[PDB]
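There is one chain below, alone, in structure tokens, taken in the form deposited in one PDB entry.
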């Protein structure tokens, strides 16, 4: 379930969108944290192995637990030309 991925920034950005964070509308009901809600199909994050629904645990070694949305966005924008992402990925979802 845990993966470390490295995304090479391009002109368009990192090729992801994020949702969630403390005080924001959650990405899913049972978790208020930061999630990758969109991955550009032909983009840098997709190439690095990022997938939709990944929970974003760290950016360049900094933990996002308890983080607000705005601070997570800033971390990604300020992460440089290569961005290390640590994620939690569900193999399957129980319903």
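Residue numbers count along the first chain shown, from 1. Residues that one form lacks are left out of the comparison. Here the rigid core means the biggest group of C-alpha atoms that line up within 1.5 Å when the two forms are laid on top of each other.
One more form of this protein, deposited with a partner chain bound, exists but is not displayed; see below.
Q: Whether 13, 20 and 69 jointly form a contact site for the partner chain in the deposited complex is the question; each needs a heavy atom within 4.5 Å.
A: Result yes, every residue of the spot touches the partner chain.
Q: Is there a heavy atom of residue 38 lying 4.5 Å or less from a heavy atom of the partner chain in the deposited complex?
A: Flag for residue 38 set to yes.
Q: Residue 25 versus the partner chain, in the deposited complex: is there a non-hydrogen atom within 4.5 Å?
A: Residue-level check for residue 25: yes, a contact with the partner chain.
Q: According to a 4.5 angstroms non-hydrogen atom cut-off, is residue 76 in contact with the partner chain in the deposited complex?
A: So residue 76 counts as contacting the partner chain.
Q: Run through the residues found in both forms and list the stretches of 3 or more in a row whose CA moves by 2 Å or more between the shown form and the other one, fitted on the rigid core.
A: Shifted segment: only 10-12.
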